[PDB]
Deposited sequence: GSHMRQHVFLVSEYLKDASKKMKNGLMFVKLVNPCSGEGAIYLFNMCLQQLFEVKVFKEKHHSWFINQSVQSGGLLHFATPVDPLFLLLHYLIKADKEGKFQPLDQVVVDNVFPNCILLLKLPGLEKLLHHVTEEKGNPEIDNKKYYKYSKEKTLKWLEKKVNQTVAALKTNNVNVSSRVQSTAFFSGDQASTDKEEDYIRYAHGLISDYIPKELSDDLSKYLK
């Protein structure tokens, strides 16, 4: 029986394997059911470490962190995928994954319409059909970079110097193809 050391948000549901928006591979997430909230699981791994939990030893030395995610990043992964395919589709046909079947959870998120407004061009009479917009996305990413730059100064991490750092941090949530357009933007 392996013990896991977790650092979750104060107020705190199951563990779900969803797609990594930048890598396109597997990633563990912690979904909250009652409040329809999404969290990402990050792991601290460094060589030569172990845990002593009361009267037991844990060989790892691993520290897990469950921090909130902006759901738009994962939503973009499916919107970008559908974008090349054709034009204007309903959300149930865009957020489709045979590899990661737990993407259904994204469709039931509270306030999807208001969120999607940031990255998509939509049509429908009060439906709803969505098409990935590049102009809106880069404008939304421009805000994301400014949001992080404000947070970097406060936390005192390490104007142009911190901007190129914030772009690299945000590029760990958007695929390589999008990252290049963001720098040129």
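Unmodelled regions of the deposited chain, listed from N- to C-terminal end, are 1-3, 16-25, 140-143, 176-195, 223-224.
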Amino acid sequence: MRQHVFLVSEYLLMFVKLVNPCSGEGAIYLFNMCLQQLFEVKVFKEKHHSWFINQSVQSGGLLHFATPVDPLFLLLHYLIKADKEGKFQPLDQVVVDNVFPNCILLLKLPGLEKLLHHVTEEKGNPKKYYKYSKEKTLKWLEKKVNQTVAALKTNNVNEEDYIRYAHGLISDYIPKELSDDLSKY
From here on, numbers count along this sequence of modelled residues.
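Higher mean CA B-factor, judged across 21-29 and 161-169 from the recorded values: 161-169.
Just going by the entry, 72-80 versus 106-114 on mean CA temperature factor gives the higher value to 106-114. Based on the entry's C-alpha B-factors, the most elevated value among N155, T67, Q55, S50 belongs to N155. Within the selection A150, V43, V119, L141, the deposited Cα B-factor values reach their highest point at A150.
For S133, the recorded CA temperature factor ranks within the middle third of the chain's modelled residues.
Residue-level temperature factors show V5 in the lowest third of its chain, judged at the C-alpha atom. Sorting the modelled residues of the chain by their CA temperature factor places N125 in the highest third.
Among the modelled residues of its chain, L38 has a C-alpha B-factor that falls in the middle third, as given in the PDB entry.
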